[PDB]
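First comes the structure, then the notes that go with it.
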Amino acid sequence: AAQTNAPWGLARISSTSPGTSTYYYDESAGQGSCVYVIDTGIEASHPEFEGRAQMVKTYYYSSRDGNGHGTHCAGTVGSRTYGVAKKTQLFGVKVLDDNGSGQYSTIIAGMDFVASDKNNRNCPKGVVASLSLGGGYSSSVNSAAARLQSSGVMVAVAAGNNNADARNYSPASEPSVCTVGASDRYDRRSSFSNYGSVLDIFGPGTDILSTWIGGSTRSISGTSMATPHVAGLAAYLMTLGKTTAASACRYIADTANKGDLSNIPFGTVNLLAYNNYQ
Ligand SMILES: [Ca+2]
Numbered sequence: 001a002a003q004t005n006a007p008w009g010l011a012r013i014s015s016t017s018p019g020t021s022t023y024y025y026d027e028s029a030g031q032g033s034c035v036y037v038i039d040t041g042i043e044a045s046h047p048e049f050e051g052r053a054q055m056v057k058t059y060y061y062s063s064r065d066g067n068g069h070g071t072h073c074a075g076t077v078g079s080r081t082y083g084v085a086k087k088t089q090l091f092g093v094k095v096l097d098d099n100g101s102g103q104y105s106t107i108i109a110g111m112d113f114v115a116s117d118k119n120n121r122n123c124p125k126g127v128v129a130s131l132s133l134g135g136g137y138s139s140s141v142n143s144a145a146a147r148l149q150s151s152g153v154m155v156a157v158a159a160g161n162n163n164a165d166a167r168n169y170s171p172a173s174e175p176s177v178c179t180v181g182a183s184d185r186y187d188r189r190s191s192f193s194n195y196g197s198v199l200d201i202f203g204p205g206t207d208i209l210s211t212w213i214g215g216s217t218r219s220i221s222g223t224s225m226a227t228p229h230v231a232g233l234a235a236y237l238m239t240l241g242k243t244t245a246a247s248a249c250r251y252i253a254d255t256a257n258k259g260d261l262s263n264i265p266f267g268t269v270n271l272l273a274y275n276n277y278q
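Letter 275 of the sequence shown, counting from 1, is numbered 275 in the authors' numbering, and no numbers are missing.
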């Protein structure tokens, strides 16, 4: 398949080079896979989801996304126009309030939920979790993200937007998950993007067009935008049978575009997510 005039991030992960506008992908598009979007929620009624999005859990008064962050990241995972895996199933786990903030205990509980809730869902091609959140270091949050990963869920987490080493941020510093940094449309590390030895992959994260609450769309920047790219790419690759949840992060690094990014500090991976579609 080919999407003409695609968001630059979608075209980027389907090309060996920057500057292209067409998103090439296999028509399977991640059908049969599930991606849990643990964030502010998902506006499931958004036409771009085509009924493939549902809210499964909320830790606040309402399951509605009053912020728009989670609907945006869920759109980057599997929206029709703005999604990597355009036929995946999207599950919304609202752990952040409508301010985009959330206590660590709630975030841990949200990850514990996805580890159990997945086994009462039909996801024959695997389960992915996209987590565009995080604060300072916390071994309890790292342990939770590791539990979700070990339960059989491909966990993609954001490296953080502090322009610092991700070693001091959770769940970014949990080694067993997929820590995702951000790159811009000219293959530079995003100005804000965290780095460090714990990063496993870089995704498009600067000015990412995706869906928004109110049936709308808008472009925002952050490692929060690069995470759903990798989460969608993993579900796309697991539907193709090229990898499993336990190995999708290692596979994406094995087949990533190597050495293309700039302002990557020494000791940080120069790998950009790539679907190798031909
Ligand atoms: Ca890792």
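The beta carbon of each residue, even a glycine, is placed where N, CA and C say it ideally should be.
{"Asked": "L237: first and last residue of the uninterrupted alpha helix (DSSP H) it sits in", "Found": "223 to 239"}
{"Asked": "Closest by C-alpha distance to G68, when choosing among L96, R167, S247, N276", "Found": "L96"}
{"Asked": "Beta carbon of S193 nearer than 7 Å to that of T227", "Found": "no"}
{"Asked": "Ligand 1 heavy atom lying under 6 Å from the CB of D200", "Found": "yes"}
{"Asked": "Distance CB(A115)-CB(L148) smaller than 7 Å", "Found": "yes"}
{"Asked": "Secondary structure of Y24, DSSP reduced to three states", "Found": "strand"}
{"Asked": "Whole runs of the beta strand (DSSP E) within the segment 86 to 144, excluding any shorter than 3 residues", "Found": "89 to 94, 127 to 131"}
{"Asked": "Three-state secondary structure (DSSP) of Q278", "Found": "coil"}
{"Asked": "Contact test: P175 Cβ vs ligand 1 heavy atom, cutoff 6 Å", "Found": "yes"}
{"Asked": "Entirely enclosed beta strand (DSSP E) segments - the segment 42 to 92, minimum 3 residues", "Found": "53 to 58"}
{"Asked": "Cross-strand partners of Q31 (DSSP beta bridge)", "Found": "Paired residue(s): none; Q31 is not in a bridge."}
{"Asked": "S170 (DSSP reduced to helix, strand or coil)", "Found": "strand"}
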